[PDB]
Amino acid sequence: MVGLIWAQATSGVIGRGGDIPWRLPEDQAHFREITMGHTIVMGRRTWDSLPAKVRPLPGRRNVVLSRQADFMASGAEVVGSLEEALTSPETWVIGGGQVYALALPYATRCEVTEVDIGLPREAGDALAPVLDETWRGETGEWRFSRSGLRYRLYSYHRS
Ligand SMILES: NC(=O)c1ccc[n+]([C@@H]2O[C@H](COP(=O)([O-])OP(=O)(O)OC[C@H]3O[C@@H](n4cnc5c(N)ncnc54)[C@H](OP(=O)(O)O)[C@@H]3O)[C@@H](O)[C@H]2O)c1
Ligand SMILES: Nc1ccc(C(F)(F)F)cc1N
Ligand SMILES: [Co+2]
Ligand SMILES: [Co+2]
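Residues numbered from 1 in each chain as written, not as in the entry; some residues may be left out. Chains lettered and ligands numbered in written order. Heavy atoms only, no water. Residues with missing side-chain atoms left out of burial classes, pairs and counts.

For the protein chain, the name recorded in the PDB entry is Dihydrofolate reductase, with Mycobacterium tuberculosis as its organism. The title given to this entry in the Protein Data Bank is "Mycobacterium tuberculosis dihydrofolate reductase in complex with 4-(trifluoromethyl)benzene-1,2-diamine(fragment 17)". The Function comment attached to the protein chain in UniProt states, word for word, "Key enzyme in folate metabolism. Catalyzes an essential reaction for de novo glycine and purine synthesis, and for DNA precursor synthesis." UniProt annotates the protein chain under Sequence similarities with the comment "Belongs to the dihydrofolate reductase family." (UniProt positions renumbered as here; feature names shortened; annotations may be inferred.)

The structure is reproduced here in structure tokens:
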């Protein structure tokens with residue numbers, strides 16, 4: 001099972017400046033619950049966005065996708081194609097925009113957090129992938145975060 005997990009503003013922005021322009025503590029617990037114990041695949045930029053102290057994420061098989069021949073990610077496996085990173089019973093692609101887009105054709109599930117924040121799309125932003133008609137998703141109820149923002153969860157799936 002290959003899944004994609006991300007948090008977006010309603011506008012689809014997921015990253016900017018090598019960072020995420022909000023904080024949603026509930027989503028961090030939700031992200032950790034979904035990915036805990038499994039393989040996580042991420043782009044090399046996303047891997048660089050994590051501080052060295054949190055790298056690699058605990059309890060998960062961290063894999064970093066890069067075109068650099070002998071790129072070294074201390075604590076993670078480095079592969080040159082996504083397919084090499086996808087060989088586990090359960091794999092979660094955790095970003096970024098480039099790797100979500102590359103990974104979607106191999107994905108059966110998407111766990112999407114939508115953050116009710118008026119964040120306009122900006123040139124150079126990392127964006128969430130657009131899900132077509134083949135994706136059947138369940139919309140969650142609006143939830144209020146300890147951070148003061150409103151959000152809701154989407155669980156998409158295709159057969
Ligand atoms: N849930 C979220 O909101 C969320 C989750 C994660 C990340 N983000 C944000 O996403 C942003 C970064 O996403 P990004 O799209 O800018 O960069 P990225 O997708 O995280 O990783 C980009 C890198 O992936 C590697 N790559 C891309 N296609 C490849 C391929 N076909 N084969 C091998 N390697 C490949 C390249 O690494 P080389 O340059 O080494 O070739 C490329 O530089 C950051 O702002 C981060 O905070 C948000
Ligand atoms: N600290 C931290 C920052 C960003 C991520 C993300 F999944 F978005 F890549 C995970 C963690 N654990
Ligand atoms: Co699990
Ligand atoms: Co299924």
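A. Region of the structure containing the site of ligand 2. The full set of residues close to ligand 2 is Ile20, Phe31, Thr46, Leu50, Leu57 and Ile94. Relative to its unbound accessible area of 310 Å², ligand 2 is 62% covered by the protein chains. Of the pockets mapped on this structure, ligand 2 occupies the largest pocket. (Near = heavy atom within 4 Å. Areas by Shrake-Rupley, 256 points an atom, 1.4 Å probe, with all protein chains shown as cover. 1 Å grid on protein atoms, 1.4 Å probe; cavity = no way out; pocket = protein on both sides within 12 Å on 5 of 7 lines; lining within 4 Å. Sits in = over half its atoms within 2 Å of the grid points.)

B. Summary view of the site of ligand 1. Near ligand 1 you find 26 residues, and of these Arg44, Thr46, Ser66, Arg67 and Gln98 are the closest. Taking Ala7, its main chain carries an N or O atom lying 3.0 Å from an oxygen atom of ligand 1. With respect to ligand 1, the side chain of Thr46 contributes an N or O atom lying 2.6 Å from an oxygen atom. Relative to its unbound accessible area of 920 Å², ligand 1 is 87% covered by the protein chains. Its atoms largely coinciding with the cavity grid, ligand 1 occupies the largest pocket. Of all the elements in the fold, those that place two or more residues in the shell around ligand 1 are β1 (2-9), β2 (13-15), α2 (44-49) and α4 (97-103). Of the residues that constitute the shell around ligand 1, the class distribution is ten nonpolar, eleven polar and five charged. (Polar contact = N/O pair within 3.5 Å; in protein donor to acceptor, adjacent residues only side chain to side chain. Helix = DSSP H or I, 4+ residues; strand = E, 2+ residues; numbered from the N terminus. Nonpolar A, V, L, I, M, F, W, Y, C, P; charged D, E, K, R; others polar.)

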